[PDB]
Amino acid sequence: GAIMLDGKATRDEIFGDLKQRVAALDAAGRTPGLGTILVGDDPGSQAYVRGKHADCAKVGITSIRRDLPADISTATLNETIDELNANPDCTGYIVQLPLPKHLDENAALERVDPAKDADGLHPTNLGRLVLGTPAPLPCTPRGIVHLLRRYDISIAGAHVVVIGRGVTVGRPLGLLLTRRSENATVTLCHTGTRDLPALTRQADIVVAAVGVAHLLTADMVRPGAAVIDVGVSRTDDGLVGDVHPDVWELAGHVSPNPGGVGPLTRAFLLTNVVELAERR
């Protein structure tokens, strides 16, 4: 049976580090604050934002909320974005998605100041990742790499097969893993890929982030290989990951879904906020 990549225990470890580092920022009069912009009342969006602020409260990060009605204008969204940009207690913030359809989501995301981009998803910071300039990194790719290293799985020289090209996971992950400080070989796969199994069988690490229930099966995985389960989709049975349970037999390591990468995404949101405050 594969070793369980315990994301919850890893997240708790990060929280404890963050709490000390936030206490040190607080002592210097530099308490970090997380802002959130939430438009309307989608119950899932509400629950995500609650969760982020509850985690902030656990580590001592101030909560700044901008809760707006579903019918705001573009100018009202922009005023809020501009205000958070100029707000000296807001060290970083996120815009909760999805936005009401009368609102240009992407324009809103670009208007965010990249110096306050807690998600690490502003195009300017993603471009900086392409170019090798230090800047906020996207939370999920970053937690995937941290989880692997936490268990002493080698990254340098590894063949990583990434299944999925999502703008917040697959695509930025390929850029992160090919930096000299990581130094993995990456094959980027997706729905346009011919003969996926032949590629996954070569991989030391498989990252399944495509959102197709149990797509990755035992016959596609090299024995001993590390398997990261990121994608989630809805089936008749509820929410299911991208990795078939049979993979656990011969894989060396598997991150569970839930309780694997999900908690690391959240840890690195708070890590980004703390680091933005420390970088002054």
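Sequential numbering from 1, following the sequence displayed.
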Give the stretch, out of 162 to 170 and 103 to 111, with the larger mean C-alpha temperature factor in the deposited entry. 103 to 111
Quick check: 123 to 131 versus 200 to 208, which has the larger average CA B-factor in the record? 200 to 208
Looking at the C-alpha B-factor values in the deposited entry, which of 225, 28, 228, 64 comes out highest? 28
Have a look at 49, 34, 59, 68 and flag the one whose Cα has the highest B-factor in the entry. 68
Third of the chain's Cα B-factor distribution that residue 270 belongs to, per the entry: lowest
Ranked C-alpha temperature factor of residue 152 among modelled chain residues, by third: middle
Chain-relative C-alpha B factor for residue 87 (record values, thirds): the lowest
Residue 177's Cα B-factor: lowest, middle or highest third of the chain? lowest
Based on the deposited C-alpha B factors for this chain, I'd like to know if residue 76 is in the lowest, middle or highest third. highest
